[PDB]
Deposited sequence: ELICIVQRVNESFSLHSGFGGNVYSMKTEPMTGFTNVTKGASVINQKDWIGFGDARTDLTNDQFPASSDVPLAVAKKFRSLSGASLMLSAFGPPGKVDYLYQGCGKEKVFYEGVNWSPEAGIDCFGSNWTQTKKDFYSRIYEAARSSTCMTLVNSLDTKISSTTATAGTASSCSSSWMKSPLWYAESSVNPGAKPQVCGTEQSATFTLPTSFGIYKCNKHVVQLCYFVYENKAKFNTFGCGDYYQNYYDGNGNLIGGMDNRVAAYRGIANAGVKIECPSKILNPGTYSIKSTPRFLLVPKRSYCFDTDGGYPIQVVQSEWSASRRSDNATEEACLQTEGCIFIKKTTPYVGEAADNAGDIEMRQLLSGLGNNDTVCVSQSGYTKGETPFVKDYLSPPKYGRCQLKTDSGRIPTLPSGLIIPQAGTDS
């Protein structure tokens, strides 16, 4: 008698091909899957990142940790002071807090800016500080993107040619003036008999500041804005001009009304504009109308040793105060910048404006040790190489790829029967 083990399959069995043997099975299981994506900020390397902030990441605040959007361990990685902002430190307006931001980190988190919003009510002849704000942070983010470190330079070497010129003061600026730019005025220029002499100055951007190497400087090349030359001739002879030159004489900034049209707003009066520019280290010259001279007195120093795309955190007040979205729009138009944004209003635990539940959730990733990818869509762990939807750029690290779930191959499971040869 012939006795045999017999192999049989049903209509329920489907054939799975292999290189060196096929398999019949009734069930399949996907071979792998998608990795979750978490919204908010994080880092891929806990030992090489730096944060810059204000009260909301300042562990020395009287109301810590109720006033904090991050736990202690994360706060230690921040350079923050209550009331501070990069922009506040750039200009140093009267009575505002003046923190010397400095640090190194290939990954960078900017969670600051709200302390100079429209709510601040800083005047100082400002044409539009919200515009100045957007322009300033744009330059910062661009420079920070390719730098390992950043430091405020709280005082540039400066020299003016005039011996009669004196320090400027304005009723609109707390009867004082900015730390930067410095304001020098000639009291004798009166459009009677006197026109005075053209003012001159130099300012130097250093090659270093403390332990920090400087390859690039963000500075403001400010100028005054009048609405017409008739309106200007209330103060100075001829048109207004304030021009900025490098060492050789190449015009690099300023406003010259000998050739450019006036654009002062109707009956607004005198305004100041302060566009930020990225300049190399060196000595720079200034030529201006006799009565008024503006000279840059601070900068932000960056290197070019490289860095990762940066993360910028929404910096706005609670609903009761007047905010702006300048750092958002600065970030959006700047390559290599990732913006983190709340979907609900800011409601603080300490007071109205510090200690928000949503932001704490969004910033919680800054304390994780297993983040491998950071993107504009959020951050991931290293589970699989795939995600259900694209990770939007900017992004860096071991970043997952989008594929349809249907293209993920399966493996046989359940009852299984091997097959080889043609069987016919």
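Trainee: Where does the model skip over parts of the deposited sequence?
Mentor: Unmodelled stretch: 192 to 194 only.
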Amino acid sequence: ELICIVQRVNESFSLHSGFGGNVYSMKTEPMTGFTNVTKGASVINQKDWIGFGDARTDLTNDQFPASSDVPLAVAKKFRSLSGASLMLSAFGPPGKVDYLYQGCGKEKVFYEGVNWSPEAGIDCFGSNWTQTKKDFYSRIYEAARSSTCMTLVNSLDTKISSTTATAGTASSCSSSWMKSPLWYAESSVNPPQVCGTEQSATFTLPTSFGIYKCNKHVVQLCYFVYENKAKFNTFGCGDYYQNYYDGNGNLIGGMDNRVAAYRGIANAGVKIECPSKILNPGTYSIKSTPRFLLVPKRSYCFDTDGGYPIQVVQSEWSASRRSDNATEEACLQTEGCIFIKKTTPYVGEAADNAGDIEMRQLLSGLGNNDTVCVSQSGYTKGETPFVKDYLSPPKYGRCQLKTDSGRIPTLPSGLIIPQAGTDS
From here on, numbers count along this sequence of modelled residues.
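Trainee: Taking the recorded C-alpha temperature factors, which stretch has the higher mean, 177 to 185 or 84 to 92?
Mentor: Here the higher of the two C-alpha B-factor means belongs to 177 to 185.
Trainee: Going by the B-factors listed in the PDB entry, is the mean over the C-alpha atoms higher for 255 to 263 or for 206 to 214?
Mentor: Averaging CA B-factors over each stretch, the winner is 255 to 263.
Trainee: What's the residue among 303, 198, 142, 157 with the greatest CA temperature factor in the PDB record?
Mentor: In the PDB entry, the greatest C-alpha B-factor among 303, 198, 142, 157 is found at 198.
Trainee: So among 248, 344, 311, 138, who wins on Cα B-factor in the entry?
Mentor: Result of the comparison over 248, 344, 311, 138: 248.
Trainee: Split the chain's modelled residues into thirds by Cα B-factor; is residue 332 in the lowest, middle or highest one?
Mentor: Middle third by C-alpha B-factor.
Trainee: Can you work out whether the C-alpha temperature factor of residue 14 puts it in the lowest, middle or highest third of the chain?
Mentor: As the PDB entry reports it, the C-alpha B-factor of residue 14 lands in the highest third of its chain.
Trainee: Relative to the other modelled residues of the same chain, rank the CA B-factor of residue 75 and answer lowest, middle or highest third.
Mentor: Ranked within chain, residue 75 CA B lands in the lowest tercile.
Trainee: Compared with the other modelled residues in the chain, in which third is the CA B-factor of residue 102?
Mentor: Bottom third by C-alpha B-factor.
Trainee: Based on the deposited C-alpha B factors for this chain, I'd like to know if residue 325 is in the lowest, middle or highest third.
Mentor: For residue 325, the deposited C-alpha B-factor lands in the lowest third.
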